[PDB]
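Structure assessment
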Amino acid sequence: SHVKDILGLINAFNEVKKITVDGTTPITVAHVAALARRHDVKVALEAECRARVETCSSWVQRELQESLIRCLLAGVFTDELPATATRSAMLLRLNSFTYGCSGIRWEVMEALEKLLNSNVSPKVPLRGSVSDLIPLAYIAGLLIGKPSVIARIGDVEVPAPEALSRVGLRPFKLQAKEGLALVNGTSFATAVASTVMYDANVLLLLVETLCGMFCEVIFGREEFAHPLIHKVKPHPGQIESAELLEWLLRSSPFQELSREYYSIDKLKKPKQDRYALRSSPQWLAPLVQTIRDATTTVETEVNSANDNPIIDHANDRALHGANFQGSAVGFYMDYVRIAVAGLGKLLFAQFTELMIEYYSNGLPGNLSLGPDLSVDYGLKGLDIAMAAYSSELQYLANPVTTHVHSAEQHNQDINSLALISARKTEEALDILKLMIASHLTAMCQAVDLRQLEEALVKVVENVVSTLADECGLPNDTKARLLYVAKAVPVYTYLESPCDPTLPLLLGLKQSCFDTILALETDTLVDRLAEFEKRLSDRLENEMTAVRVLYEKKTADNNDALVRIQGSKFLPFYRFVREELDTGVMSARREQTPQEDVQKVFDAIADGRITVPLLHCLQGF
Amino acid sequence: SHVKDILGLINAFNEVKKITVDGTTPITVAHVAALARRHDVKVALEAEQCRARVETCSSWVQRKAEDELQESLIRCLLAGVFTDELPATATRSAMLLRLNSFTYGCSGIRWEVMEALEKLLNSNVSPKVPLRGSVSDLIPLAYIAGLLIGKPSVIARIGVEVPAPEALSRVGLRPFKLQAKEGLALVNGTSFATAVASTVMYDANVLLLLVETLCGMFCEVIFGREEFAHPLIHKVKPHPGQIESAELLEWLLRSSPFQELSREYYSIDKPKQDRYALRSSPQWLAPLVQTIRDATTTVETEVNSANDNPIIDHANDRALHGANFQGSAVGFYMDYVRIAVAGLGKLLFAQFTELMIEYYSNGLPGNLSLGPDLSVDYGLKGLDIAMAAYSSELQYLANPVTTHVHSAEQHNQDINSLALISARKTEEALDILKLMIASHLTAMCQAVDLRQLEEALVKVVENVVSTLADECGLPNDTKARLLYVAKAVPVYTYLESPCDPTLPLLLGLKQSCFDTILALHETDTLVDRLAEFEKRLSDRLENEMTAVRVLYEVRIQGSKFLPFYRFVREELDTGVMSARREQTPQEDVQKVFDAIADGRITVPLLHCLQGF
Amino acid sequence: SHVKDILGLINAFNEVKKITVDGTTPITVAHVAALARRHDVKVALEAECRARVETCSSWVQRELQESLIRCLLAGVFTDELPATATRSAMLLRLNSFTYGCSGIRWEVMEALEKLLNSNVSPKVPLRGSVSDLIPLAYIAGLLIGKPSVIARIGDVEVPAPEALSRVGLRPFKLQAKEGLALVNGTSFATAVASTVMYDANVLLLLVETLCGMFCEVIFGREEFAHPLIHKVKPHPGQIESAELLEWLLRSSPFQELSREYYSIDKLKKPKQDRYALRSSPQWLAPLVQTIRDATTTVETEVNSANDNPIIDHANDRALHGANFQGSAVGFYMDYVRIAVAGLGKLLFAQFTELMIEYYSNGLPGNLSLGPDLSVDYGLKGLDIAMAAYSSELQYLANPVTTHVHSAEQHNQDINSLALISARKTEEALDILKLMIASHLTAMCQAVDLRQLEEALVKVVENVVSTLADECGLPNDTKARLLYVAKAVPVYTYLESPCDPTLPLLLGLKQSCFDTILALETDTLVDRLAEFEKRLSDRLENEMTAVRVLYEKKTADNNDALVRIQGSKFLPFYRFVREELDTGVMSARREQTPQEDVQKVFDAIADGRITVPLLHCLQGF
């Protein structure tokens, strides 16, 4: 299962300490992401590929180089490629050299290892590559000590020769082929593509998992994930996503509550869920497969000699080809961007269902707690932003590779545009992170609303029950009124529970007429009138008390039951509420939606979200 | 190799007689394309393997029913408009795919309805279906359902067009009275998106292989360097599509007589490396090969699925509510294939462009114009213009459809695949790709003729120069100089007027005549003999060049691309394009296009690839 | 003419000191751009519209507000809308209020004037608007003193209530409608659209003008701009662009040189220019019209009551409509982005012709000076970047408005996405600036190469002429050899002028054989052999001397003629060479292409480019 593969990626990202660069051991996208984001991760170039590097180097030894670099130092600082992308590119260039096909000196390779481990990188302009001569020229420029090339060292910026000075290096004098060997690669496109693919895997898994949380809060039917449905339409991504969702929803206490819900007023409630949940495995299927396949493609590029000419020293020839052509990466970046847009549309559709009372099976509009809805518009602002996020995301998913210009005196009459496409896919993922942050925040709001819903219904039942006993109502009467208290969605009358025009009192009045018809008439009416009168003394205060207690909440014996404790999604709710310090959104909570969603976004952006994710998936 | 897989696909398309429909034997895109396109291919629905579960399922549904609704669903969905139609090929494919879905025994449909679909398929009866209305395929599948229930508004083709109940009469059927779940089962599938996607994928595989193969023919005519396909280059950047396309190209170009001429060309006096359109072809092809092969597996998975809802698990006495009608696997992969097809078109455009430009074609004339009189021969300029038009529309088509999901059907379908719309656009892209391939192949046959004429003409110039050098009593020094010029100067740069003193032959000869004067410095008689040489050259040279060209109007005989050249020239009855060939470019390219469209191109393709 | 209108925009941008905000005087995109970019520009709210504001305010006076703001403070800091865009939005919101339709208090309007003039603005998240509730909530948040809202003051960041403190204001307590009045506008989309349109006008005019410079350096035929061609196909933008180009090219000394060029070897040279020049007015036509029309549309929005409800106090009603809908701006932002892409394609095509010897009519490949081309690849890096720039630009020009989602509980089932589209058009313009910077830099390189070309041909002629006299060659002989010296493109043999295999000696040898044939034979040959021998003693040194002098260059009597001094494009060449301190690019010039293009880019980005532009167009 891809779920296991992604879990393995997250684990490698967390666990790696040294990246072995040796011409045989594959570098994965997790390794690339770790080097870029975790500064304690070091490069280990192993001399035991030095033999093949030096043979190729020697073979080639059998002004022109600096002129190539000068020509290519032609970008403009408008914006730059981040240091994370630049260090990634440095790693990938070094790796390309390990296969003994480039002819660069071992000493240059050692210098790259040193600069990487000392956190030295050139500042590189964002644009200029059709895929990565111009950006790679800035790395070549640092190595040869060009004064115009500025280098960061940690977070301190100096001219290139001073940067080499601080790590005990002196400017290289380039030998035959070395200039070309340094600039003639796919390092930048593939670097950005590597962290893109790492993020795509993590966020894909997060979205899949959160489909389960959506099911729990929306009162879905977990049947959509039944293995027979998917065995019979066996797209690998469809079988695997459904398999995860089936396990996530097995023995869920929210699914038990969902079953109870649909047994009440069965005829009046939807027989199937809407597509955003029911069709999630079918939808996820291509998206899973695209992201997994693109991960294999990008990693093949990471672990390639992307250079020209290719030296076959064993057979005494230089081979003229085009391993500098970033097309594998570029086409796959276009596909993944379309898949990310598809994940965004899934999230948007789910979020939309959640905000609308007609589609949320009992939840309040905008997930507004109220009770006073005139001064609580709940998550409306987040709902508007989700439309803005999806709209821009769908726009971004148009292809880049369809815009190939005939370039460089018509020499490059096909060119990959891989870096440009990878940059766009990264931008799409930024928006997907925003959409996931909002979706999870809304679902935690929904958890609270469902838990509160149950406690409020219990209060109404207790009030109806005890008042019926007090007023001396018949069994037939008590049975009917308690059914109304159980069946009427509490959020439809929470604003003013005793309002005779709102659904609770409307339901009670229907049942009161029905009990009169079914059955001392004059005394019955008097007792029903006293029931109604006492209901408006007691009910609202008791509903208020239970809600205030919930809002003000370590649980004790007075606190409302919290079904979340029995749910596999506990790690997510607890992470967002306890660890990030948030609470039910309402007019009484000072913090803005920005403040709450910002905390969730930050945790997704910096990888802290993987902790609750890994907790949730334990035992799968 | 994917190469062997595609060859397997072509062979299946050609050789299949009966499509077995049995619930276990996979139906491939070649099978779907063969049913659609070849009318001798019949459906064989096999009771022995699947009727038993079909029957148990439909009985289960009846049991639950016992413990007009269907017609009203069909009526509501007869909601298309004839503006344009889904073609009979797509509709018959849809009927096959719906029938196949039913074999898994999850649908609750009666076996007798399945027999009717087999009967209609084998008698060439299909409803007329509006093009548009599906978000993926209720509306278009309703027309199949409307035929089966004899809706008079549904028009049916037979082979002749009549209303549905009359169409049923002619195959000995009566209108069905739908049982519980049958109305839904008939309309609740991915059959039309997947049908169009199936022929799309068959065509994509064939056209991919054709493009890869023609990259080798391009190398031969453009004077490329075949080392770009060396296995070590691709071993060290091991994308499977890159390794496999290069493997084919190395084999195609090994022992090429054109590559021999190429090597000789770069030995006199010129680019050190080929431009990208050839040198970078394996790298370019890599993701395109991989996208088309992967999308073929996805489409075939859909063909062989129970795309329906609810899914009946009769064995455990329950109906499962899901969304197997969602065509997202197909829709997304149609978006990717369209981008890959645009990538194929861009490769062809780049190659064709190089071929038309004298600066980039290594000796060929601009527009591949034979002339000699270029003022009345613009050669293939019209085709060159069209290729830009083709690529431009193609790049536009490759924008995604799946990014345009609306919240549909009372917001119930808040995600939908749009797979049929996407398949239709990929089909349109492939139409354009066929046009581009036909033009490219036509141009390369022209280029073969021009290369073979070139070799013969250079020999005539050498023969003329040599013999006149003897006749005029020129020194050996002089003779060797003049002969080097006759070999070095690209003949197409002076063919228009060989003795024009401002064109490159005489310019080179005049240079050499001065060098010979300096080197040998009886001077007056030497000058007299050089003047007489120039005089006799303008009496004789053009005449003998004309004679050899008129005779023309060996090298390809040793090329792996012989089958293609012979197909286009001999079998399709064409010739080198010129002012003396009455047939328009349209007439020649139409023949090539027609052979691509109807699959006749696969014969020289398979010949070419024999023993690979 | 649109040329006059754009000149008027640039002049207003430069000249404005106070922006009158009074409900009658139009605010133009130049005023909006000036406020944003020039801090000495102040807002002047005139009390003599205060009467209508207060009447509307009073009419409305006949908790709910802060709850709206709280709900909308829902963006995430991922990136932000720049202070320039935020201050622009503040101006546009203030302007909307002046029409007396909003019901906001005059005091709130005074507060906005004060914050603008004191350089106070909230930090605003980039995304969230479908067009501008969420971003406008940050301005509303500053005004009401929300602690979570951070404000910049100059370049110093503090919480909102402290920001109000420093400008002598206290948090507002919002009255009826004021919350909605503040957030219910198109201010952000229209702000970004205003500076987009200002830049689009300036850069359009710059591109049109530079088509004339391209003609001069490429040896074009100015006939393409003849007024009859355009009178007969009378698209307004076509007539007006051709009219500019005709005037720019009238009495040009480069066009005189071009005429001489095509009189030599007439038969062998193209009879017409390629489309990048010849078709420029036809191409520019729609682009001109789109940018001008979109300027009118955006300015109408700037000068509108974009708010709801609209108060008709005169007739005692509040009118319910949708003036908050940014569709006019959004659709036009899509069109302008397509037009900007079209300008980019024009530049790319021109740049491509310039770099290729087969298309540049005598100029060297990559505009490489050499003479040693093995170590001078000239502008190749810039040529590659231009392909990268165009490719991304064409991708950006896909539409945003085609991605309308049904938003906000399906209430906003159509929405403009105007801010998103405007942001994309701004990004497209960033790339257009990069492409213009490169194009102008290449054309200055080309100016130098043409001036040098003329001086080198003069040297060859002088050497041939005097050596012919020295060696005692016949008139027939001297006449022929001087024709060769005049006709052979010097850049085809500059690498090694006496190389017998290169075009100069090839031409001389052809003519020597021709003179022998046309005409003491043995003495003639001896003199021709001595000519050739002396040519290889003298020629290269004299060509070198003239070139070195040019490179090392206030002109004196030894210096080569500089035709640029007589050209209307002098202001551009002089700006780039003298004012920005650059020179002919070559292996002997230390500065990288980055360094040279960076200077030009900076001048375009900050508006300094308008000075040479206005000089060039003086008298049109």
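Calculation notes
Residues numbered from 1 in each chain as written, not as in the entry; some residues may be left out. Chains lettered and ligands numbered in written order. Part of a larger assembly, values for the part shown. Heavy atoms only, no water. UniProt positions renumbered as here; feature names shortened; annotations may be inferred. Pairing = 2+ DSSP bridges. Helix = DSSP H or I, 4+ residues; strand = E, 2+ residues; numbered from the N terminus. Axes fitted to C-alpha atoms, helices over the stretch in contact; angles between N-to-C directions. Contact = heavy atoms within 4.5 Å. Salt bridge = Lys/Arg side-chain N within 4 Å of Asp/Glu carboxyl O. Polar contact = N/O pair within 3.5 Å; in protein donor to acceptor, adjacent residues only side chain to side chain. Nonpolar A, V, L, I, M, F, W, Y, C, P; charged D, E, K, R; others polar. Parallel < 35°, antiparallel > 145°, perpendicular 65-115°, else oblique. Left-handed = near helix turned anticlockwise from the far one by under 90°. Core = buried A, V, L, I, M, F, W, Y, C linked by side-chain atoms within 4.5 Å. Buried < 20%, exposed > 50% of the residue type's maximum accessible area, 1.4 Å probe, protein only. Patch = residues over 30% accessible without salt bridge, like charges linked within 9 Å, V, L, I, M, F, W, Y side chains within 5 Å. Areas by Shrake-Rupley, 256 points an atom, 1.4 Å probe, with all protein chains shown as cover. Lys, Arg positive; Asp, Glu negative; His and termini not counted. Charge placed at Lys NZ, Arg CZ, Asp CG, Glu CD. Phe/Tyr/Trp six-rings, centres within 6.5 Å; stacked < 30°, edge-to-face > 60°. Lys NZ or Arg CZ within 6 Å of the ring centre and 35° of its normal. Domains from an automatic or database assignment. Buried area = accessible area lost by both parts, 1.4 Å probe. Arc of directions from axis to C-beta.

This entry lists X-ray crystallography as its structure determination method and reports a resolution of 1.95 Å.

In the nomenclature of the PDB entry, chain A is known as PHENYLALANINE AMMONIA-LYASE of Taxus wallichiana var. chinensis. Of chain A, the UniProt comment under Subcellular location reads exactly: "Cytoplasm".

Identification of chain B as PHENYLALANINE AMMONIA-LYASE from Taxus wallichiana var. chinensis is taken from the PDB entry. Comment text from UniProt for chain B, heading Subcellular location, reads "Cytoplasm". The annotation that UniProt attaches to chain B under Sequence similarities is "Belongs to the PAL/histidase family."

1. Concerning the sheet that holds strand 4 (residues 150-153) of chain C
All names here are of chain C. Ordered in space as 3-4-5, the 3 strands form an open sheet in which the pairing is antiparallel. Each edge of the sheet is formed by a strand with only one pairing partner; in this case those strands are strand 3 (120-122) and strand 5 (157-159). Mean inter-strand twist for the sheet, computed between neighbouring axes without regard to direction, equals 35°. Of the pairings in the sheet, the one linking strand 4 to strand 5 comprises 3 bridges and is antiparallel in character. Residue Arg 152 lies in a different strand from strand 5, and its bridge partner there is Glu 157. Across the sheet, helix 5 (residues 83-97) touches strand 3 and strand 4, and the angle it forms with strand 3 is around 100°.

2. Thoughts on the environment of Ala387(A)
Looking at where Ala387(A) falls in the secondary structure, it is placed in helix 17 (residues 380-396). The sequence separation of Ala387(A) and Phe348(A) amounts to 39 residues, and the corresponding C-alpha distance is 7.1 Å. Apart from residues lying up to four places away in sequence, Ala387(A) is in contact with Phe348(A), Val130(C), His405(C) and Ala407(C).

3. Observations regarding the interface of chain B and chain C
Contact residues are listed per partner, giving 23 residues for chain B and 23 residues for chain C. At the junction of chain B with chain C, the criterion picks out 2 salt bridges. Between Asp515(B) and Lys509(C) there is a salt bridge, and its shortest N-O distance comes to 2.9 Å. The tally of links from chain B across to chain C stands at 7 residue pairs in polar contact. Sorting the residues of the side of chain B that touches chain C by element identifies helix 20 (504-520) and helix 21 (523-552) of chain B as the ones contributing at least two each. The dominant element in the side of chain B that touches chain C, judged by the number of residues it contributes, is helix 20 of chain B, at 8 residues. Here the residues of the side of chain B that touches chain C are counted per class, giving 11 nonpolar, 8 polar and 4 charged.

4. Focus: the side chain of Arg555(B)
Residue and element names in this part refer to chain B. Mapped onto the elements of the fold, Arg 555 is located in the loop between helix 21 and helix 22 (562-571). From its side chain, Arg 555 meets the backbone oxygen of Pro 257 in a polar contact 3.1 Å long. Among residues more than four places away in sequence, those in contact with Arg 555 are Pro 257, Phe 258, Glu 260, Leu 261, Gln 452 and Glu 455.

5. With respect to the packing of helix 10 (residues 187-218) of chain A against helix 16 (residues 327-355) of chain A
All names here are of chain A. Where helix 10 contacts helix 16, the axes come no closer than 11 Å and their chain directions differ by 20°. The pairing of helix 10 with helix 16 is recorded here as roughly parallel in orientation. As helix 10 packs across helix 16, the resulting crossing turns out to be left-handed. Every residue of helix 16 that contacts helix 10 at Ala 189, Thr 190, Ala 193, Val 196, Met 197, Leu 204, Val 207, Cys 211, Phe 214, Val 217 and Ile 218 is listed here: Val 329, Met 333, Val 336, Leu 343, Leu 346, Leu 347, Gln 350, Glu 353 and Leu 354. Considered class by class, the residues forming the contact of helix 10 with helix 16 number 17 nonpolar, 2 polar and 1 charged.

6. So, the nonpolar core
The tendency in soluble globular proteins is for nonpolar side chains to be buried side by side. Residues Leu354(A), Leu355(B) and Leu354(C) are the most contacted members of the largest nonpolar core, which totals 642 residues. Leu354(A) has contacts with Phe214(A), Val217(A), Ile218(A), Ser360(A), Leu363(A), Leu367(A), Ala442(A), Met443(A) and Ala446(A), leaving out every residue within four places of it along the chain. With 7 residues, the next largest nonpolar core counts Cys101(A), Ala305(A), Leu232(B) and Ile233(B) among its residues.

7. Re the pattern of salt bridges
When the charged atoms of two side chains with opposite charge come close together, those side chains can pair. All names here are of chain C. For the coordinates displayed, the defined rule picks out 113 salt bridges over all chains. Across the salt bridge formed by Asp 307 and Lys 177, the nearest N and O atoms sit 3.3 Å from each other. With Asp 307 in the loop between helix 15 (280-302) and strand 6 (310-312) and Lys 177 in the loop between helix 8 (160-165) and helix 9 (178-183), this pair connects stretches of sequence that are 130 residues apart. Here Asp 307 and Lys 177 have matching classes, each one buried.

8. Considering unusual backbone geometry
For the peptide bond that leads from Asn308(C) to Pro309(C), omega is -10°, which places it in the cis range. When you line up the elements, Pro309(C) lands in the loop between helix 15 and strand 6. In the segment running from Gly370(C) into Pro371(C), the intervening peptide bond is cis, with an omega of 0°. Residues other than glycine seldom take positive phi values, yet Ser136(B) does so here, at roughly 55°. Within the element layout of this structure, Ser136(B) appears in the loop between strand 3 (125-127) and helix 7 (138-148). At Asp317(B), a position not held by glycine, the phi torsion is positive, near 55°. Within the element layout of this structure, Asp317(B) appears in the loop between strand 6 (311-313) and strand 7 (318-320).

9. Some thoughts on the pairing of strand 4 of chain C
Pairing of strand 3 of chain C with strand 4 of chain C involves 3 bridges; the strand directions are antiparallel. Residue pairing for strand 4 of chain C: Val120(C) is matched across the bridge by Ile153(C).

10. Some points on the interface of chain A and chain B
With 77 residues of chain A in contact, the opposing surface of chain B contributes 75 residues. For the pair chain A and chain B, the interface holds 2 salt bridges. The closest approach of N and O atoms between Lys233(A) and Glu302(B), which form a salt bridge, is 2.8 Å. Across the contact surface, chain A and chain B share 36 residue pairs in polar contact. Within the residue set of the side of chain A that touches chain B, elements represented by two or more residues are helix 11 (227-231), helix 14 (275-278), helix 15 (280-302), strand 6 (310-312), strand 7 (317-319) and helix 16 of chain A. Here the side of chain A that touches chain B is built from residues that sort into 32 nonpolar, 31 polar and 14 charged.

11. Topic: a negative patch on the surface
Together, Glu522(B), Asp524(B), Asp528(B), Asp522(C) and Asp526(C) make up a negatively charged patch on the protein surface. Contributing elements (two or more residues each) for the negative patch: helix 21 of chain B together with helix 21 (521-552) of chain C. Among the structural elements, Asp528(B) can be located in helix 21.

12. Section: the packing of aromatic side chains
Under the counting rule described, the total for this entry stands at 25 aromatic pairs over all chains. Both rings, one in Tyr265(B) and one in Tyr266(B), keep their centres 4.9 Å apart while their planes meet at 90°; by these two values the pair is edge-to-face. Neither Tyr265(B) nor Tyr266(B) differs from the other in exposure class; each is buried. Members of the aromatic cluster, connected to one another through ring pairs, are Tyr332(A), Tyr335(A), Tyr333(B) and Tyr336(B). Over the aromatic face of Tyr550(C) sits the side chain of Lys553(C), whose NZ or CZ is 4.9 Å from the ring centroid.

13. Examining the domain arrangement of chain A
Residue and element names in this part refer to chain A. You can read the domains of chain A as domain 1 (1-186), domain 2 (187-452 + 563-620) and domain 3 (453-562). Using only C-alpha atoms to locate each centre, domain 2 and domain 3 end up separated by 42 Å. On the side of domain 3, 16 residues touch domain 2, which itself brings 25 residues to the contact. A combined buried area of about 1900 Å² lies between domain 2 and domain 3, and 53% of that area is made up of carbon and sulfur atoms.

14. Digging into the packing of helix 18 (residues 418-471) of chain C against helix 23 (residues 593-605) of chain C
Residue and element names in this part refer to chain C. Viewed as axis vectors pointing N to C, helix 18 and helix 23 meet at an angle of 130°, and their least axial separation amounts to 9 Å. In this view, helix 18 runs oblique relative to helix 23, as classed from their interaxial angle. Helix 23 is crossed by helix 18, and the crossing has right-handed handedness. Listed contacts from helix 23 to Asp 430, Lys 433, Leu 434, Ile 436, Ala 437, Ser 438, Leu 440 and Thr 441 of helix 18 are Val 597, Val 600, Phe 601 and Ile 604.

15. Points about the domain arrangement of chain B
Looking at chain B, the domain boundaries give domain 1 (1-190), domain 2 (191-453 + 555-612) and domain 3 (454-554). A separation of 74 Å is found between the C-alpha centroids of domain 1 of chain B and domain 3 of chain B.

16. Focus on helix 4 (residues 69-77) of chain B
All names here are of chain B. Taken together, the buried positions of helix 4 are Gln 70, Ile 74 and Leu 77. Around the axis of helix 4, the buried residues are gathered within 70° of arc, so they sit on the same side. Projecting away from the buried face of helix 4 at angles above 90 degrees are the exposed residues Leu 69, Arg 75 and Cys 76.

17. Points about the environment of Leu284(C)
Residues and elements named next belong to chain C. In this structure, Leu 284 sits in helix 15. For the pair formed by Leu 284 and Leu 343, sequence separation is 59 residues and the distance between their alpha carbons is 7.5 Å. If we ignore the near neighbours within four places in the chain, the residues touching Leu 284 are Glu 208, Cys 211, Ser 241, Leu 343 and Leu 346.

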